[PDB]
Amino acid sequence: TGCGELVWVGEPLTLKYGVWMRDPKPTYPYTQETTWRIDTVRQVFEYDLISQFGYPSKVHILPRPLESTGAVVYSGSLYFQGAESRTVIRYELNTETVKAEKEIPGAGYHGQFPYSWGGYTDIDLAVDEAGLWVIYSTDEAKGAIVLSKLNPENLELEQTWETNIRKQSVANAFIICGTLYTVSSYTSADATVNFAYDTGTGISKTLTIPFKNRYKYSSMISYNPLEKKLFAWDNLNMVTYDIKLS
């Protein structure tokens, strides 16, 4: 099958070191060999070719800085969180136009609901086989992970789920085939995928899938559904994790 439940994660493989991003729904005039780099934060460097990816073909200046590296490129736009805000911005790359701005309702930001190793990781953007998502929490949710499916055109919240896991108790989270998975570790860098919440059914469960992790750091993890792989940035290297689905 093409989608399924996660059953295995591979070892992280190391791939201007980052943060690199690719579009899982490449849209002309961009292609699959188009790459974007966020400098680690207001400039986005664009590389048309993988060959040129070693000088940029274009440099974009964003209307405001990024809060964190938890941005995504999707269907020709950069989606990111504005610094010191709970606002998600859609920046169309080819036209250099802000096409949508949205306050995530009630979302904590700037150190209210970080992941377990901290940083400004309150709000994360994600892409899976069904499109664009945002992962966050609210005071009403008492720090539980909330996830919302976003309309990529106008950033309306098409559907929201309040899950039964505490955001500050997990090191990271990512969405694959409509299921939210969390990564948890008590005191070791190494960890486990310890929880799954299936947005198709509302059913959640505790898991024990090994998840190898190099640092006690709130990494940027970005699932790429086009490649069916996880990409991650640990402040030093871009890495990729292979996955297996049932």
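Position 1 is the first residue in the sequence shown; the rest follow in order.
Where residue 15 is followed by residue 16 in the displayed chain, the model omits 4 to 9 of the deposited residues that sit between the two. Missing deposited residues between residue 53 and residue 54: 1 to 3, all without coordinates in the entry.
When the mean C-alpha temperature factors of 93-101 and 131-139 are read from the deposited coordinates, 93-101 comes out higher. Taking the PDB entry as given, 184-192 carries the higher mean Cα B factor of the two stretches 64-72 and 184-192. Residue set 217, 45, 211, 30: peak C-alpha B-factor at 45 (per PDB entry). Highest C-alpha temperature factor among 203, 207, 38, 221, as the PDB entry reports it: 38.
In the PDB entry, residue 108 places in the lowest third of its chain by CA B-factor.
Compared with the other modelled residues of the chain, the Cα B-factor recorded for residue 234 ranks in the middle third. Sorting the modelled residues of the chain by their CA temperature factor places residue 57 in the highest third.
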